Amino acid sequence: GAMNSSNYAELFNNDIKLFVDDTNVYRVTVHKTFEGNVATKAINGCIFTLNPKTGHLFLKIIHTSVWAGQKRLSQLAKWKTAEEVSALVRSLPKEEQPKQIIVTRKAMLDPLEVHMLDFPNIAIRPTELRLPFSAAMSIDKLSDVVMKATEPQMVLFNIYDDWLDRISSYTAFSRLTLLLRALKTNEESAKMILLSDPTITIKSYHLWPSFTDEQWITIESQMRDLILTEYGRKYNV
Amino acid sequence: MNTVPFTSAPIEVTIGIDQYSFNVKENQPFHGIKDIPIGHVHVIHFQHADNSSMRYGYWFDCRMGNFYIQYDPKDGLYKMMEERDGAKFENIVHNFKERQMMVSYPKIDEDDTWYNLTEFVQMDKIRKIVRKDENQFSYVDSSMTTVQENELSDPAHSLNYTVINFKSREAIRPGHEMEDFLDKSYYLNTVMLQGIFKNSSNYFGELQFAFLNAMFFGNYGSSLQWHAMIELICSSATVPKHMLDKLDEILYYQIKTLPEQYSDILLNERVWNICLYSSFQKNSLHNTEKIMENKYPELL
């Protein structure tokens with residue numbers, strides 16, 4: 001059933017699984033019309049499909065042309081997500097296909113289940129975790145490839161860079177969710193922390209800076225500080 | 001007008017005949033039910049005074065044979081049997097009538113209730129849902145499970161209702177996933193009506209039979225089937241106009257007849273709120289919506 005704090009190590013076992021987050025699939029700016037009404041303009045979006053054990057990210061870019069002439073776009077966006085995830089699974093060799101797909105929002109359950117009817121042995125699960133994957137578009141290189149796309153496109157990343165050479169996938173996932181939670185709660189400050197020292201760079205083939213183990217401890221501590229402060233503000237405590 | 005005689009009544013039992021019911025005392029001189037209207041299926045059903053569990057009974061049509069009831073002390077229930085000797089049967093019935101040992105099927109002349117509940121129900125279709133081909137009549141009880149329930153365990157004792165499942169390859173055309181899931185018209189009209197049931201009359205007959213088994217026996221899988229068949233219609237944007245009008249009449253008489261005190265278990269809040277207020281056909285069931293709102297406004 002649902003994935004929660006009690007079965008958390010299951011994420012890092014040897015059964016292939018994918019998280020699917022649809023929060024950046026349908027993106028709009030809201031604006032006034034000449035007549036003083038309100039309208040939306042869509043911008044490019046993305047499906048965030050992530051293997052938490054390996055770091056492999058299947059970033060399907062959703063180009064605004066997908067929405068042309070369609071109605072009820074928020075509803076369509078769930079079914080388009082499900083269509084693309086199903087297409088991705090079919091594209092993978094059998095021994096690479098997932099045994100479970102965990103959706104970060106419960107509204108994705110029925111759309112994905114219906115699209116995956118051909119795969120009765122792949123479990124579709126919700127989660128009780130509040131995962132911060134909506135902040136994927138705060139990663140500069142991911143945002144850049146989405147905004148520049150002129151057509152539908154799939155781009156493959158490793159969201160852990162080379163971290164798995166030094167740390168386990170439990171620790172890498174914890175670092176990722178801390179970084180993303182920080183970026184989601186105060187993007188300006190989070191990004192300041194990650195680049196303040198101009199001597200630490202991002203490799204061309206990476207997403208995050210090349211921190212030493214000791215610098216990651218400093219970084220991680222600065223992110224936890226940022227999150228707690230923000231929290232006392234949000235709630236006045 | 002036909003008759004179902006009883007050999008005897010050795011145990012205290014509440015006896016139902018269609019929507020009517022009578023209490024019989026242990027070893028009371030009761031010898032059957034007369035004046036049963038010809039032209040309809042009927043159900044004769046039982047609840048023992050000492051075990052209010054296991055309601056059970058028999059669907060039958062007097063045009064198909066001469067049937068009677070006899071208690072079996074080994075299996076502990078009232079059984080329906082066919083009498084093949086026509087002159088023996090006539091002679092048994094005439095004696096019991098002369099001795100006035102039979103209750104009369106108590107139909108009010110104005111009253112179309114049973115016709116309205118069984119309009120599309122045929123014995124030949126009942127006998128395909130309830131498989132026991134050596135009898136012309138069909139036994140049902142509180143505990144019998146459906147084929148679909150079994151899939152999720154004795155097959156000979158199953159209710160072989162037509163399996164409906166909204167998240168199934170049968171319900172969902174490849175490439176039309178969102179379309180078919182949100183608008184079930186292709187599943188209703190092509191898969192079920194054209195393909196399986198052949199016409200809307202057979203569809204309504206099974207829906208009405210499922211309702212009656214839920215009401216008379218508390219059969220839970222039957223209640224599931226009844227709601228599923230309602231939901232499949234209400235969740236279709238494209239339904240023939242004659243079907244929607246007939247559906248509204250069918251449900252109206254089912255809701256009218258339901259015991260007021262059983263609405264808690266026999267009516268599914270989600271299906272009814274969805275069907276009357278959210279679905280495509282939310283505005284197509286005026287009579288059903290009015291009786292539901294005046295009789296069960298809590299549920300909604």
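- Structure determination for this entry, per the PDB record, employed X-ray crystallography and reached 1.5970 Å resolution.

**A few points about the overall build of chain B**
So, step 1. Across its full length, chain B holds 12 helices and 10 strands.
So, step 2. Judged by the C-alpha coordinates and their principal axes, chain B covers about 65 × 40 × 35 Å.

**Digging into the overall build of chain A**
So, step 1. Check the secondary structure of chain A and you find six helices and eight strands.
So, step 2. Start at the N end of chain A and walk to the C end: the helices and strands fall as β-β-β-β-β-α-β-α-β-α-β-α-α-α.
So, step 3. For 237 residues, the compact-globule estimate of 2.2 N^0.38 gives 18 Å, and chain A sits close to it at 19 Å.
So, step 4. When contacts within chain A are restricted to residue pairs at least 6 apart in sequence, long-range pairs at least 24 apart make up 68% of them.

**Topic: a nonpolar patch on the surface**
So, step 1. Together, A:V28, A:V30 and A:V38 make up an exposed nonpolar region whose accessible area comes to about 260 Å².
So, step 2. Relative to the helices and strands, A:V30 is located in strand 2 (residues 27–32).

**A look at the pairing of strand 4 (residues 45–50) of chain A**
Regular strands show a simple pattern: their side chains alternate between the two faces of the sheet.
Residue and element names in this part refer to chain A.
So, step 1. Among the six residues in strand 4, six count as buried, and that is most of the element.
So, step 2. With three bridges connecting them, strand 1 (residues 17–21) and strand 4 associate as antiparallel partners. Note that in strand 4 the partner of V20 across the bridge is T49.
So, step 3. Hairpin connection, strand 4 to strand 5 (residues 56–62): the antiparallel pair is bridged by five residues, and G55 has positive phi, about 85 degrees.

**Thoughts on the sheet that holds strand 5 (residues 42–48) of chain B**
Residue and element names in this part refer to chain B.
So, step 1. Strand order in the open sheet made by the five strands is 3-2-5-6-10, with antiparallel pairing throughout. The open sheet has two edge strands with one neighbour each: strand 3 (20–24) and strand 10 (138–141). Taken over all neighbouring pairs, the strand axes of this sheet differ in orientation by 20 degrees on average, direction set aside.
So, step 2. With respect to the sheet, helix 7 (residues 200–217) is in contact with strand 5, strand 6 (56–60) and strand 10, its orientation differing from that of strand 6 by roughly 150 degrees.

**Digging into the environment of A:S210**
Residues and elements named next belong to chain A.
So, step 1. Looking at the element boundaries, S210 is found in the loop between helix 5 (187–195) and helix 6 (213–235).
So, step 2. Residue classification places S210 among the partly exposed residues on the basis of a relative accessible area of 31%.
So, step 3. Linking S210 and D161, residues 49 residues apart in sequence, is a C-alpha distance of 9.0 Å.
So, step 4. In contact with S210, not counting residues within four places along its chain, are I200, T201, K203 and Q215.
So, step 5. In terms of polar contacts, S210 uses its side chain to reach the side chain of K203, at 3.1 Å.

**Description of the packing of helix 4 (residues 169–185) of chain A against helix 5 of chain A**
Residue and element names in this part refer to chain A.
So, step 1. Contact geometry for helix 4 and helix 5: axes closest at 5 Å, N-to-C directions at 135 degrees. Classed by the angle they form, the pair helix 4 and helix 5 counts as oblique. Across from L179, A182, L183 and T185 in helix 4, the residues of helix 5 making contact are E187, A190, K191 and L194.
So, step 2. Partitioned by chemical class, the residues of the contact of helix 4 with helix 5 number five nonpolar, one polar and two charged.

**Some points on the environment of B:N294**
All names here are of chain B.
So, step 1. With respect to the helices, strands and loops of the structure, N294 is situated in helix 12 (residues 286–295).
So, step 2. For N294, a relative accessible area of 67% corresponds to the exposed category.
So, step 3. Reaching out from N294, the side chain makes a polar contact with the backbone oxygen of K290 at a distance of 3.1 Å.

**Observations regarding the nonpolar core**
What tends to happen in soluble globular proteins is that the nonpolar side chains get buried as a cluster.
So, step 1. Within the largest apolar cluster, 113 residues are counted, with the highest numbers of intra-cluster contacts made by B:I44 and B:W59.
So, step 2. The dominant element in this core, judged by the number of residues it contributes, is helix 7 of chain B, at 11 residues.
So, step 3. Listed in part, the 48 residues of the second largest apolar core include A:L59, A:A149, A:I159 and A:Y160.

**Side note on the pattern of salt bridges**
All names here are of chain A.
So, step 1. Taken as a whole and judged by the stated rule, the model has 23 salt bridges over all chains.
So, step 2. The residue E220 makes a salt bridge to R175 at a minimum N-O spacing of 2.8 Å. Residue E220 is found in helix 6, and its partner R175 is found in helix 4; the two are separated by 45 residues along the sequence.
So, step 3. In this structure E220 comes out as buried when scored by relative accessible area, which is 11%.

**Topic: the side chain of A:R175**
So, step 1. Exposure remark for A:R175: the relative accessible area of 9% places this residue in the buried category.
So, step 2. What A:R175 contacts, discounting residues up to four positions off in sequence, is A:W163, A:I167, A:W216 and A:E220.

**Things to note about the domain arrangement of chain A**
Residue and element names in this part refer to chain A.
So, step 1. Taken as a whole, chain A is organised into domain 1 (9–163) and domain 2 (164–237).
So, step 2. Placing a centre on the C-alpha atoms of domain 1 and another on those of domain 2 gives a separation of 23 Å.
So, step 3. Among the residues of domain 1 in contact with domain 2, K141, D161 and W163 are the three that bury the most area, contributing 33% of the side total.
So, step 4. With its nearest N and O atoms 2.9 Å apart, the salt bridge here joins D140 to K191.
So, step 5. Counting across the domain 1 and domain 2 interface gives 16 residue pairs in polar contact.
So, step 6. Mapped by element, the contributors of at least two residues to the side of domain 1 that touches domain 2 are helix 3 (140–148) and strand 8 (153–158).
So, step 7. Ranked by residue count, the leading element in the side of domain 1 that touches domain 2 is helix 3, at three residues.
So, step 8. Of the residues contributing to the side of domain 1 that touches domain 2, the split by class is 16 nonpolar, four polar and six charged.

**Quick look at the packing of aromatic side chains**
So, step 1. Counted according to the given criterion, the structure contains 40 aromatic pairs over all chains.
So, step 2. One cation-aromatic arrangement involves A:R175 over A:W216; the distance from NZ or CZ to the ring centre is 4.2 Å.
So, step 3. The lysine or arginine in question, B:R173, covers the ring of B:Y186, its NZ or CZ lying 4.0 Å from the ring centre.

**Side note on the sheet that holds strand 1 of chain A**
Residue and element names in this part refer to chain A.
So, step 1. The six strands lie next to each other as 7-6-1-4-5-8, forming an open sheet whose pairing is mixed. In this open sheet, the two edge strands, each paired with only one partner strand, are strand 7 (123–125) and strand 8. Across the sheet, the mean angle separating the axes of adjacent strands is 20 degrees when strand polarity is ignored.
So, step 2. Taken together, the four bridges between strand 1 and strand 6 (residues 100–103) define a ladder with parallel strand orientation. The residue bridging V20 from the neighbouring strand is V103, located in strand 6.
So, step 3. Most of the contacts of helix 1 (residues 73–91) go to strand 4, to which it runs at about 45 degrees, and overall it touches strand 1, strand 4, strand 5, strand 6 and strand 8.

Scoring rules and cut-offs
- Residues numbered from 1 in each chain as written, not as in the entry; some residues may be left out.
- Chains lettered and ligands numbered in written order.
- Heavy atoms only, no water.
- Residues with missing side-chain atoms left out of burial classes, pairs and counts.
- Helix = DSSP H or I, 4+ residues; strand = E, 2+ residues; numbered from the N terminus.
- Rg over C-alpha atoms; globule rule 2.2 N^0.38 Å.
- Contact = heavy atoms within 4.5 Å.
- Patch = residues over 30% accessible without salt bridge, like charges linked within 9 Å, V, L, I, M, F, W, Y side chains within 5 Å.
- Areas by Shrake-Rupley, 256 points an atom, 1.4 Å probe, with all protein chains shown as cover.
- Salt bridge = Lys/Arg side-chain N within 4 Å of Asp/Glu carboxyl O.
- Buried < 20%, exposed > 50% of the residue type's maximum accessible area, 1.4 Å probe, protein only.
- Pairing = 2+ DSSP bridges.
- Axes fitted to C-alpha atoms, helices over the stretch in contact; angles between N-to-C directions.
- Polar contact = N/O pair within 3.5 Å; in protein donor to acceptor, adjacent residues only side chain to side chain.
- Parallel < 35°, antiparallel > 145°, perpendicular 65-115°, else oblique.
- Nonpolar A, V, L, I, M, F, W, Y, C, P; charged D, E, K, R; others polar.
- Core = buried A, V, L, I, M, F, W, Y, C linked by side-chain atoms within 4.5 Å.
- Domains from an automatic or database assignment.
- Buried area = accessible area lost by both parts, 1.4 Å probe.
- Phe/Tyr/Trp six-rings, centres within 6.5 Å; stacked < 30°, edge-to-face > 60°.
- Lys NZ or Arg CZ within 6 Å of the ring centre and 35° of its normal.

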